[PDB]
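Single-structure report; data block below.
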Amino acid sequence: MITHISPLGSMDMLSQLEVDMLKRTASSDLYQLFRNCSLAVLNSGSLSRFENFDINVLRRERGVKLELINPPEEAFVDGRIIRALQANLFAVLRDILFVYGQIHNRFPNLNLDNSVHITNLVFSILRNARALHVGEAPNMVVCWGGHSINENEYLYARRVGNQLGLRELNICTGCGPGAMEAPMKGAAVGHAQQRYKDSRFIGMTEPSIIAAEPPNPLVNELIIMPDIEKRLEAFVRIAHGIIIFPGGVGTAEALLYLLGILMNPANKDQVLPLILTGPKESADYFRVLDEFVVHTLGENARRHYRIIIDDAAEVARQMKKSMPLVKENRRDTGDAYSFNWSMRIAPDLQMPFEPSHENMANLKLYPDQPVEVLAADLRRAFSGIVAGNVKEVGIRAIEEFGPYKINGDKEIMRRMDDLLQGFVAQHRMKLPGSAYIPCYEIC
Amino acid sequence: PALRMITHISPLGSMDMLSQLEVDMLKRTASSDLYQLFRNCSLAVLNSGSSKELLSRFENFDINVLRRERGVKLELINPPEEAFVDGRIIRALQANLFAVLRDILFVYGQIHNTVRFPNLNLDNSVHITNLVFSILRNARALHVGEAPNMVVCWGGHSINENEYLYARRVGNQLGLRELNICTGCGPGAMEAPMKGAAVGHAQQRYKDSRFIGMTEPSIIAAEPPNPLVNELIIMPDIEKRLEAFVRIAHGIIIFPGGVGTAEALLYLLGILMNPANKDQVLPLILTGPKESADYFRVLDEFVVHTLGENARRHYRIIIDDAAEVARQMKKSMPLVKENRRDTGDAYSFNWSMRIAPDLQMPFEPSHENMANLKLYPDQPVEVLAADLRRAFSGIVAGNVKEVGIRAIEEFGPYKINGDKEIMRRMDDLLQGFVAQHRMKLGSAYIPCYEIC
Amino acid sequence: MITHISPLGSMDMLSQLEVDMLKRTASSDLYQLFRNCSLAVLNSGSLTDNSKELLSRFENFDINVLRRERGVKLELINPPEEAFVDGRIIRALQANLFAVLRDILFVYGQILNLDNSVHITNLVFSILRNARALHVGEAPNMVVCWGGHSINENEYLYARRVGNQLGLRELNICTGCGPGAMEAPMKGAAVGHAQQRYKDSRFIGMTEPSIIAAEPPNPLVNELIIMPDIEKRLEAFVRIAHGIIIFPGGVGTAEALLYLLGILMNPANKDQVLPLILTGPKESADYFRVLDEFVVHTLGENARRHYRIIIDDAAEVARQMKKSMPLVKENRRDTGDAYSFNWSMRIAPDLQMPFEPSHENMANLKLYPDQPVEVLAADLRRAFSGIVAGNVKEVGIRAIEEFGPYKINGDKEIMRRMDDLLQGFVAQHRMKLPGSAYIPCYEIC
Amino acid sequence: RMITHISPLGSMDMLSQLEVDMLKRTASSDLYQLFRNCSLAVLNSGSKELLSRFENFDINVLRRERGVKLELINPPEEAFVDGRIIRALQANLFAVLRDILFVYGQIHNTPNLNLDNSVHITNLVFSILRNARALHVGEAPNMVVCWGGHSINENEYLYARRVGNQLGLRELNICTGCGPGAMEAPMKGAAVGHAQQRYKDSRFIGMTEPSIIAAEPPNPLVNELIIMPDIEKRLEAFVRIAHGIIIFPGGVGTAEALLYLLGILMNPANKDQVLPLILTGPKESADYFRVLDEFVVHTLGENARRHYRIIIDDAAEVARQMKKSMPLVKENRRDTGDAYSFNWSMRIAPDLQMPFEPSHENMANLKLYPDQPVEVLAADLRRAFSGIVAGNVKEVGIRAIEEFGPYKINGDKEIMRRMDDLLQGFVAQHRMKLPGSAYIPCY
Ligand SMILES: Nc1nc2c(ncn2[C@@H]2O[C@H](COP(=O)(O)OP(=O)(O)OP(=O)(O)O)[C@@H](OP(=O)(O)OP(=O)(O)O)[C@H]2O)c(=O)[nH]1
Ligand SMILES: Nc1nc2c(ncn2[C@@H]2O[C@H](COP(=O)(O)OP(=O)(O)OP(=O)(O)O)[C@@H](OP(=O)(O)OP(=O)(O)O)[C@H]2O)c(=O)[nH]1
Ligand SMILES: Nc1nc2c(ncn2[C@@H]2O[C@H](COP(=O)(O)OP(=O)(O)OP(=O)(O)O)[C@@H](OP(=O)(O)OP(=O)(O)O)[C@H]2O)c(=O)[nH]1
Ligand SMILES: Nc1nc2c(ncn2[C@@H]2O[C@H](COP(=O)(O)OP(=O)(O)OP(=O)(O)O)[C@@H](OP(=O)(O)OP(=O)(O)O)[C@H]2O)c(=O)[nH]1
Ligand SMILES: O=P(O)(O)OC[C@H]1O[C@H](O)[C@H](O)[C@@H]1O
Ligand SMILES: O=P(O)(O)OC[C@H]1O[C@H](O)[C@H](O)[C@@H]1O
Ligand SMILES: O=P(O)(O)OC[C@H]1O[C@H](O)[C@H](O)[C@@H]1O
Ligand SMILES: O=P(O)(O)OC[C@H]1O[C@H](O)[C@H](O)[C@@H]1O
């Protein structure tokens, strides 16, 4: 049961030599990753049911075509593939076969350890994805949120979305469900009411995530950054403003990434508004969160972030006001509106981190350390926990090597565990499906 | 002199180019008795997205027309604040406001200000049909050469969530096939198809969704527009608003509705049975979720009784398969194109559709008029449904429209008479409509109608 | 040999009754005008300028209006073969063709009291709005240009360069839809639009049914408007223009320059902002000297406040206009006026009232210096239209056949100074395109 | 103002910082003289005498965080309107930046680019064309490449304006060598045509090369300037982008192109290709074409009159033909799975892709003999015309033919004899040099 999809959105003008490299990489051991990311995309609107599915790349003189063998029928309306899903499909080929292949094959001097190279790559990737619009006045609000979230948390984030869209702002989330879908959903409705024509709804994700988490159907720009170290850096550089909702260990982990970069002294003059918000009930959640930050980083971290409870209008209003300040801030520095080139991200924050049980129990989670190293290695630990929850390698590794164990001191490790268990009690650790098994053991 | 909230809105969408003498027309008509109407229509528009209860909270509101040499501007005094963002009027409400200005003070204003010699009135079905065209062209709803995608959806204002989601789902399939929606500019079944169609449009990167809302002054004064509408049109008569529905449409889908939705159907079915329209293609398809099976079965029995079992060659009833409902309309789009190509008719306005003058003639819901409705099978099915349409439109007057909402206790509640089995098959439907809350949204409902 | 033209640009959406109306209007005696205006449109340039002579070759032509349910179409019977590319009517001509259906059969046919100066003006707005010429929310860029239907190649070159400069400053041009001066600026402005990547060129040709039937549209025009009177065509020219560049011309260009100056010198329009520049190519020195020498003491001495003369600086001329734009935009905000239409300009009913030459009417011309500056220019405009009527306008040509040259009355050295102007027009070969000699329909003194 | 800072327009709009760096290194390298001279030329669209009239001119690359700007020291006063660079000049300027410093720099200093493989040289030409956003995707064929002399009389210049008009009347675009005479009048005529048919979005490409551009500024009609590295690859891009060629009356070069074409057309694997070649002239041209036809038939084969067609003084027919052929290409493309914008399928033989160093030793080893296969013939026939063209404008070749000896070539005498009659006629046609100063042969 075979369908020949032509390119939409991406990979339209391919050279004949590139077409050959795409076909090679698609026969390589990368196949399954390119398969699954491609089956996920075809299944936005929620893997093991579609074991018949297989996607073959097809060489034509002009460019490439994708062949869909036993694809999921709901991605087709009267025969034709839904345009959005078709384009996400080709975005996966772009950022899986094209991107992730090319960075290993070859490229003369791609250090991949020079934090310069690393940032220029994240620029390149966004550029190839046609996501850095030239002469674009700043409108993008990177939203961060938890994937399992309450109907009230959802209804609240939809309202924040709607107010953002009523102020002609665009959204960039994790390409996923719950809080990454609901701001897009709400913004769309505002855009409409204000006759906004061209909505951008970027979804920023990574290969391991997108294999088990389809995009939400709202995304119209799908970027698969290779590692969360890049995905996170990409979040920061493209955004002109961040709103961190109630999330789990992922959303938590992103916060430390921000705060690691924002506290740096080099970025004392950079302009990137951070606003943690939530509904009236989230107030307790933020309490703990905030105290946890104060204690790990200082009262000096509260200067970079602001908490608004149960005022979505103001939350949007604040960002719509900030946008003229992100514009001027980039104008003075001679920076790009698209890409926050000037922001100083620390090699300790860009360096890929492999979440091995060893690495997690040698984390420098001690107060005798600079705040940078603390939040950096904090984040490192928050990524392993995201590992044992969703990423395939982690969910298996915890059930075969045993939970992650963590070092540190108490009050530090003490308070965090109060976060972690608190997260579970809110069920933001795992989808409502079944229950949750801690992949972590904190003293 | 007291504390007031002032804003000035510049024309968006309509009334952008205005000669100076026209500007004088509008200002005069806005001092005319038409003010109160104009005011409450513009109030209803502002209150899109939030029943007279809302309108008795904005009694401080007043809308004043401003002259400038170039054209016009609209002054909002104590406007509802929920219609502004950071002090700026939401663009959509801004255009709908200037739609109201067009269709109430320009359109309906020039009409209200014409002679009505009842000795020699222009009952000409050509006027009513060229007029209906002229109204749509002024509201820029008639796009040259745009191929047929408009699907006119009908349904009750008060419907149950199961219906609402179904109309929503039907909407989704409709838009997933790059099809536009036209409705009654209202809540319930009149917004839920747009809501779902919207999502389909997105998934397919369908730019320029047209969600036209055909209403009428009475309805819109009391019922603000539903938020999904982008082209708002305020046709003067339910008689002309109906006819507009029919001509612009390239497909019709009737959901489960109360009196209004019923009355439109008879109006439609009447134009479909007319012989000159045996070669005209316009797909009519009633749909609803599973629970509406019964409703429609009754519905059918009423129609076949009033029209014959030959009615059923003009519609098709689909239950719980919104995908197919859209699939079919989508399939029928090419037919309507060629049907218009052959005859040389226009995509936008069905000029060849013969609509009968007794279907185009307005029916004042006088209680005397109402019982004089010849509801007898000896008459052509044409005249049977014409009067049957007219009866169904009276009940809606008693329920929503001002004249007859209160004109009913004064001059008395409505009473219809004719063939008894006809009146009987009506009561099951009407009294069924009461049990489905398709008459009124409910907390309270008065019959406003009486049959032996 | 028949071909079927569907509507392009205008008369796209039409109600069945309207189509019905156009059908009858086409069967009326207007047919000749409607077919005559249609024939010029279909000839435009095509490397032939013969006034009426070229058109005599197409005596078999005929255009019938067709009625379809959707709208209207146009039937071309024996149409000039040069208006077709491999069978397809060239789109510009097709649009200009359909503009004649709009403005001859729809507009002109249907002609509200037309002596009320208010109704007149709002009629002129309604004609322009119909041709979608008053665009909404457009910063001012329109420089109306006036000139001569006949001009040596010297002036043509200059006005291309003026037009090139003008275009190079993202300025659109508007003329009288004719040749020579009414084409050159567009020809260059277009070039200039290219270099500065200005995509939406707007080259408006505004004309009357009297002129279009004998002077076809130059092919540069992409917005054609056929206003009914020269009186209404002029009124339009003024309202839509945000600047005006007068080149050298004959008696027609002359007719405008008094029209305009009359309106500007009126007191109510002292605060209005409309930059008037006269430019010529160096050799125009004397022509502009004798023109200025004429105006100074025929009309007011103070009238040199309302025009600036520039010779052989095409750059500066366009620069000045490109600076004037923001002032005109400010002048409209302050008045709360529109950019597209200058409503506030007080145009006198004496400048709105059509003029029929005859001969008594030329005798009853109050050309006296005692007369107000205004009254003087109103009838001074009229005098020139006489010479423009019997020059080319068929009604006037026949009228100078029977009763001969118009007897221009007036008085004062005013008459002698008209004569040495008029003598120059003919002596400079700006009164008739080269082909025969010229027969003065004017008898001064 | 004597200094002005021009922003990127049309190219080089989105640049990564590592890129912005490499550009300045290349501006600091000896390439500057080329980049200066091409940028002077671009700015003088409105003869190498004007090069010595602007000696103080100098153009510098400004680095910014966002991207690059261009610093213009003492530019020709004619390029600015009220101080603002003419939008079109500005974009030509940045195409010089794109194609001299980015393209020309990067390929010479690399090496995984073999540049000796005909698969490489071909995909490079695709690449540069894509990079200059000139290969439009999903564009129905309309691109009519027009070849012809730079020194052509007023009858030919006017005729090509007519064949240009007629092409525009029929909504066809034009591509030439960014030059005067025949390379301008078509575009001049074509654009009137596009006006008359309300054709918006005209395309007027100009393929040229660094040695050419620096002494011959682009004509003012060109809106896409493309500067391919050499004449060998310039021609390849000519061919491959074009859906139809018209060869006007030209000299050497217009000579050199035709043998290039014919070499590729007569080659067997290209007998199924669809690319009309109409050689047209204005009636007095009959004699020049006569001599031309007699020449090829002998020098190649009477089997060559299959690939070209001669029309004289029928501009409307020349256009009429090409418009009919525009659909025929589409099928020829759609069948093979080829791209409408690039003619991937055509087999250009490597002998025609390999740059020919116009040296005297090399000019001797030109197999100019009728025993060789018509393919081999052509290739070396072309190489010979690259030699003479060098003698005329190319710096390398004007220097080599100065005191170091005019270019000398021989072979079969009938062949040689045909040549001297042609070349002699070119001199007599003043197609070899523009001005009336008598021309001195390099042959
Ligand atoms: N600074 C900045 N400019 C950008 C960016 N993306 C596009 N641009 C535009 O590039 C233009 C460059 O103008 P400048 O800021 O004065 O130049 P700079 O780069 O800062 O250094 P320079 O002084 O030349 O040496 C701006 O036009 P204007 O500001 O003059 O007018 P407007 O925004 O209204 O359109 C911007 O609109 C960006 O990320 N940062
Ligand atoms: N008659 C009519 N035509 C419409 C309508 N909407 C779009 N069109 C188009 O306008 C074009 C005019 O077609 P005609 O040549 O005039 O049809 P004819 O029957 O031959 O003569 P007639 O209309 O009676 O005067 C149509 O065909 P095309 O040129 O596009 O090609 P195509 O027709 O192949 O689809 C349609 O595409 C409409 O409501 N009515
Ligand atoms: N004068 C004029 N204005 C128009 C026209 N069409 C829209 N407008 C808008 O009207 C604005 C005038 O400014 P306002 O202070 O708000 O006055 P208005 O309410 O519009 O009328 P009012 O003058 O008070 O009677 C301009 O915005 P700006 O703030 O940018 O002012 P600008 O472009 O002039 O620099 C225009 O954008 C028009 O045809 N003429
Ligand atoms: N060959 C070609 N196709 C292009 C190009 N750009 C887009 N396309 C489109 O890609 C479609 C390919 O359809 P396919 O089913 O795959 O059939 P083929 O063309 O034979 O290629 P295939 O062998 O399957 O790989 C074409 O549809 P149609 O063939 O029906 O043509 P159109 O719609 O434009 O009128 C084109 O519309 C291009 O540069 N070249
Ligand atoms: O917070 P979780 O939902 O538990 O983990 C994934 C998140 O990590 C990132 O910040 C994205 O916003 C994701 O939403
Ligand atoms: O309650 P109902 O009157 O039945 O619902 C309102 C509908 O009746 C009218 O015809 C309009 O089409 C509306 O869609
Ligand atoms: O009659 P001419 O003076 O020779 O030229 C025609 C002029 O008369 C009209 O007003 C046009 O705008 C032209 O300026
Ligand atoms: O001026 P000529 O030297 O005679 O001709 C040179 C041609 O060869 C090149 O392809 C260019 O496009 C030119 O058209």
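We label chains A, B, ... in the order they appear in the structure tokens, count residues from 1 in each chain, and number ligands from 1 in the order shown.
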
(message) Neighbouring residues of ligand 4 are defined here as those with any atom at most 8 Å from a ligand atom, counting only C-alpha atoms and all ligand atoms; list them as number ranges by chain.
(response) A: 4, 6, 58-60, 62, 65; D: 137-140, 330-331, 333-342

(message) Set the cut-off to 12 Å and count only C-alpha atoms: what are the residues of chain B that reach chain C? Output as number ranges by chain.
(response) B: 10-24, 66-73, 126-138, 140-146, 340-353

Determine, using only C-alpha atoms, which residues of chain C have any atom at most 8 Å from an atom of chain D, and tabulate each with its shortest atom pair and distance in Å to one decimal place, rows ordered by chain and then rising number, as CSV.
residue,atom,partner,partner_atom,distance
C:85,CA,D:169,CA,7.0
C:86,CA,D:320,CA,7.7
C:90,CA,D:197,CA,5.6
C:91,CA,D:197,CA,4.6
C:92,CA,D:196,CA,5.2
C:93,CA,D:196,CA,7.8
C:168,CA,D:81,CA,7.2
C:169,CA,D:81,CA,7.4
C:194,CA,D:88,CA,7.9
C:195,CA,D:88,CA,5.2
C:196,CA,D:87,CA,4.7
C:197,CA,D:87,CA,6.3
C:199,CA,D:200,CA,7.9
C:219,CA,D:196,CA,7.3
C:220,CA,D:196,CA,7.9
C:319,CA,D:82,CA,7.8

Next, write the just-selected residues to a file, as a tab-separated table (two decimals), in the first residue's frame, keeping N, CA, C and O atoms as the atom set.
chain	number	residue	atom	x	y	z
C	85	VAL	N	-2.04	38.89	-29.86
C	85	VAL	CA	-0.78	38.16	-29.90
C	85	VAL	C	-1.13	36.72	-30.12
C	85	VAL	O	-1.63	36.05	-29.20
C	86	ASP	N	-0.82	36.21	-31.31
C	86	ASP	CA	-1.13	34.82	-31.60
C	86	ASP	C	-2.58	34.53	-31.23
C	86	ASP	O	-2.88	33.54	-30.57
C	90	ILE	N	-4.06	41.54	-26.53
C	90	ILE	CA	-3.07	41.97	-25.58
C	90	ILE	C	-3.76	42.49	-24.36
C	90	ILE	O	-4.73	43.24	-24.45
C	91	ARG	N	-3.22	42.14	-23.19
C	91	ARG	CA	-4.01	42.33	-21.98
C	91	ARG	C	-4.19	43.79	-21.69
C	91	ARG	O	-5.26	44.19	-21.21
C	92	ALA	N	-3.20	44.62	-22.03
C	92	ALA	CA	-3.34	46.04	-21.76
C	92	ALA	C	-4.50	46.62	-22.57
C	92	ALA	O	-5.36	47.32	-22.03
C	93	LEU	N	-4.53	46.35	-23.88
C	93	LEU	CA	-5.65	46.78	-24.71
C	93	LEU	C	-6.96	46.20	-24.22
C	93	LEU	O	-7.98	46.88	-24.20
C	168	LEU	N	12.62	57.11	-10.64
C	168	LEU	CA	13.74	56.71	-9.79
C	168	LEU	C	13.55	57.17	-8.35
C	168	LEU	O	14.37	56.87	-7.47
C	169	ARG	N	12.48	57.92	-8.10
C	169	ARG	CA	12.14	58.29	-6.74
C	169	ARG	C	10.78	57.70	-6.36
C	169	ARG	O	10.03	58.33	-5.60
C	194	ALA	N	11.95	50.49	-12.63
C	194	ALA	CA	12.76	49.29	-12.66
C	194	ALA	C	13.97	49.41	-11.73
C	194	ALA	O	14.10	48.66	-10.75
C	195	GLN	N	14.89	50.33	-12.04
C	195	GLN	CA	16.14	50.43	-11.28
C	195	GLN	C	15.87	50.42	-9.78
C	195	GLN	O	16.59	49.78	-9.02
C	196	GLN	N	14.82	51.14	-9.32
C	196	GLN	CA	14.58	51.15	-7.89
C	196	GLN	C	13.60	50.08	-7.47
C	196	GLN	O	13.14	50.11	-6.33
C	197	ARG	N	13.31	49.12	-8.36
C	197	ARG	CA	12.52	47.93	-8.05
C	197	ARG	C	11.10	48.23	-7.60
C	197	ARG	O	10.52	47.47	-6.84
C	199	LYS	N	7.51	48.00	-7.86
C	199	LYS	CA	6.81	47.02	-8.69
C	199	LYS	C	5.49	47.57	-9.23
C	199	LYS	O	5.17	47.41	-10.42
C	219	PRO	N	0.61	53.42	-25.48
C	219	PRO	CA	0.65	52.08	-24.89
C	219	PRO	C	1.21	52.03	-23.49
C	219	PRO	O	1.20	50.94	-22.89
C	220	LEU	N	1.76	53.13	-22.96
C	220	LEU	CA	2.27	53.08	-21.60
C	220	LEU	C	1.17	53.05	-20.56
C	220	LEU	O	1.40	52.55	-19.45
C	319	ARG	N	13.44	65.79	-7.95
C	319	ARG	CA	13.80	65.96	-6.54
C	319	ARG	C	12.78	66.82	-5.83
C	319	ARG	O	12.28	66.47	-4.76

(request) May I have the residues within 12 Å of residue 24 of chain C as number ranges by chain, using only C-alpha atoms and disregarding those fewer than 2 positions away in the same chain? (result) C: 17-22, 26-31, 64-67, 105-106, 109-110

Can I get the selected residues back with N, CA and C atoms, as a JSON list (two decimals), in the first residue's frame?
[["chain", "number", "residue", "atom", "x", "y", "z"],
["C", 17, "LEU", "N", -29.12, 42.88, -14.56],
["C", 17, "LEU", "CA", -29.82, 44.08, -15.02],
["C", 17, "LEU", "C", -28.83, 45.08, -15.58],
["C", 18, "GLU", "N", -27.68, 45.19, -14.93],
["C", 18, "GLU", "CA", -26.65, 46.08, -15.44],
["C", 18, "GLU", "C", -26.27, 45.65, -16.84],
["C", 19, "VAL", "N", -25.91, 44.37, -16.99],
["C", 19, "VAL", "CA", -25.62, 43.81, -18.31],
["C", 19, "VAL", "C", -26.74, 44.15, -19.29],
["C", 20, "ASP", "N", -27.99, 43.95, -18.86],
["C", 20, "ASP", "CA", -29.15, 44.35, -19.66],
["C", 20, "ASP", "C", -29.09, 45.82, -20.02],
["C", 21, "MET", "N", -28.74, 46.66, -19.05],
["C", 21, "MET", "CA", -28.61, 48.09, -19.31],
["C", 21, "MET", "C", -27.55, 48.37, -20.36],
["C", 22, "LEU", "N", -26.37, 47.76, -20.21],
["C", 22, "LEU", "CA", -25.31, 48.01, -21.18],
["C", 22, "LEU", "C", -25.74, 47.60, -22.57],
["C", 26, "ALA", "N", -25.82, 50.17, -25.62],
["C", 26, "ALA", "CA", -25.01, 49.97, -26.82],
["C", 26, "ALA", "C", -25.83, 50.11, -28.10],
["C", 27, "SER", "N", -27.12, 49.80, -28.05],
["C", 27, "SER", "CA", -28.00, 49.94, -29.22],
["C", 27, "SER", "C", -28.39, 51.40, -29.49],
["C", 28, "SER", "N", -28.18, 52.29, -28.52],
["C", 28, "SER", "CA", -28.51, 53.70, -28.63],
["C", 28, "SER", "C", -27.57, 54.40, -29.61],
["C", 29, "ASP", "N", -27.80, 55.70, -29.83],
["C", 29, "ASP", "CA", -26.89, 56.46, -30.69],
["C", 29, "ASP", "C", -25.50, 56.61, -30.07],
["C", 30, "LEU", "N", -25.33, 56.28, -28.78],
["C", 30, "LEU", "CA", -24.00, 56.23, -28.18],
["C", 30, "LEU", "C", -23.11, 55.21, -28.85],
["C", 31, "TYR", "N", -23.69, 54.31, -29.65],
["C", 31, "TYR", "CA", -22.90, 53.23, -30.24],
["C", 31, "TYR", "C", -21.67, 53.79, -30.94],
["C", 64, "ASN", "N", -20.02, 44.57, -30.56],
["C", 64, "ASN", "CA", -21.33, 44.38, -29.97],
["C", 64, "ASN", "C", -21.16, 43.83, -28.56],
["C", 65, "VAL", "N", -21.99, 44.31, -27.63],
["C", 65, "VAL", "CA", -21.94, 43.84, -26.25],
["C", 65, "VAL", "C", -22.75, 42.55, -26.16],
["C", 66, "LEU", "N", -22.17, 41.51, -25.59],
["C", 66, "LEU", "CA", -22.87, 40.25, -25.38],
["C", 66, "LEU", "C", -23.38, 40.13, -23.94],
["C", 67, "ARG", "N", -24.44, 39.35, -23.74],
["C", 67, "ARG", "CA", -25.05, 39.18, -22.42],
["C", 67, "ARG", "C", -24.88, 37.71, -22.04],
["C", 105, "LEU", "N", -20.29, 53.45, -21.68],
["C", 105, "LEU", "CA", -21.60, 52.82, -21.62],
["C", 105, "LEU", "C", -22.17, 52.84, -20.23],
["C", 106, "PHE", "N", -21.35, 52.63, -19.22],
["C", 106, "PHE", "CA", -21.87, 52.64, -17.86],
["C", 106, "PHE", "C", -21.95, 54.07, -17.32],
["C", 109, "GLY", "N", -23.41, 56.85, -20.34],
["C", 109, "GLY", "CA", -24.80, 56.53, -20.62],
["C", 109, "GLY", "C", -25.73, 57.06, -19.54],
["C", 110, "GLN", "N", -25.44, 56.73, -18.28],
["C", 110, "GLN", "CA", -26.32, 57.04, -17.16],
["C", 110, "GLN", "C", -26.44, 58.52, -16.83]]

(message) Give me, as a PyMOL selection string, all polymer residues having an atom no more than 12 Å from residue 30 of chain D, counting only C-alpha atoms and skipping those fewer than 5 positions away in the same chain.
(response) chain D and resi 24-25+35-36+101+105

Could you write out the selected residues, including N, CA, C and O atoms, as a tab-separated table (two decimals), in the first residue's frame?
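This went into out-v3.tsv:
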chain	number	residue	atom	x	y	z
D	24	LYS	N	35.98	38.19	5.08
D	24	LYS	CA	36.95	39.27	5.23
D	24	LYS	C	38.37	38.77	4.96
D	24	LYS	O	39.19	39.51	4.41
D	25	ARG	N	38.67	37.54	5.33
D	25	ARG	CA	39.97	36.99	4.96
D	25	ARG	C	40.17	37.05	3.46
D	25	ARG	O	41.27	37.39	2.98
D	35	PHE	N	37.65	41.79	-6.86
D	35	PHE	CA	36.45	42.25	-6.18
D	35	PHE	C	36.25	43.76	-6.32
D	35	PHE	O	35.12	44.24	-6.51
D	36	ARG	N	37.31	44.54	-6.17
D	36	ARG	CA	37.16	45.97	-6.40
D	36	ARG	C	36.63	46.24	-7.81
D	36	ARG	O	35.61	46.92	-7.99
D	101	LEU	N	33.74	36.54	-3.82
D	101	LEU	CA	34.33	36.28	-2.51
D	101	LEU	C	33.81	35.01	-1.85
D	101	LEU	O	34.59	34.27	-1.25
D	105	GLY	N	36.19	32.53	-4.05
D	105	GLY	CA	37.16	32.28	-3.01
D	105	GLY	C	37.16	30.84	-2.56
D	105	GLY	O	38.20	30.18	-2.56

(request) Residues up to 8 Å from ligand 7, counting only C-alpha atoms and all ligand atoms: could you list those as JSON, numbers by chain? (result) {"C": [145, 146, 147, 148, 149, 150, 151, 175, 176, 177, 178, 181, 182, 206, 207, 230, 234, 246, 249, 250, 251, 252, 253, 254, 255, 256, 388, 430, 431, 432]}

Output file for the selection above: C-alpha atoms, as a CSV table (one decimal), in the first residue's frame:
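Generated output (out.csv):
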chain,number,residue,atom,x,y,z
C,145,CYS,CA,2.2,65.8,-16.1
C,146,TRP,CA,0.8,68.1,-18.7
C,147,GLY,CA,2.4,68.9,-22.1
C,148,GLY,CA,1.8,69.0,-25.8
C,149,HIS,CA,0.2,66.4,-28.0
C,150,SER,CA,2.8,67.6,-30.5
C,151,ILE,CA,6.4,68.3,-29.4
C,175,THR,CA,-1.1,62.2,-18.0
C,176,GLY,CA,-3.8,62.7,-20.6
C,177,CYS,CA,-3.5,59.4,-22.4
C,178,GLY,CA,-2.1,60.7,-25.5
C,181,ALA,CA,4.2,64.8,-23.5
C,182,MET,CA,1.4,62.5,-22.3
C,206,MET,CA,-7.0,60.5,-18.2
C,207,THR,CA,-9.0,61.6,-21.2
C,230,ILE,CA,-12.7,68.1,-20.3
C,234,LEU,CA,-9.6,68.6,-15.5
C,246,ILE,CA,3.8,71.3,-16.9
C,249,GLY,CA,2.7,72.3,-25.2
C,250,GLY,CA,0.0,73.8,-27.4
C,251,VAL,CA,-3.3,75.3,-26.6
C,252,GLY,CA,-4.4,72.3,-24.5
C,253,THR,CA,-1.6,72.3,-22.0
C,254,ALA,CA,-2.2,76.1,-22.0
C,255,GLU,CA,-5.8,75.5,-21.1
C,256,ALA,CA,-4.8,73.6,-18.0
C,388,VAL,CA,-8.9,73.2,-28.6
C,430,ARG,CA,2.9,72.3,-31.4
C,431,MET,CA,-0.7,72.9,-32.7
C,432,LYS,CA,-0.8,70.1,-35.3
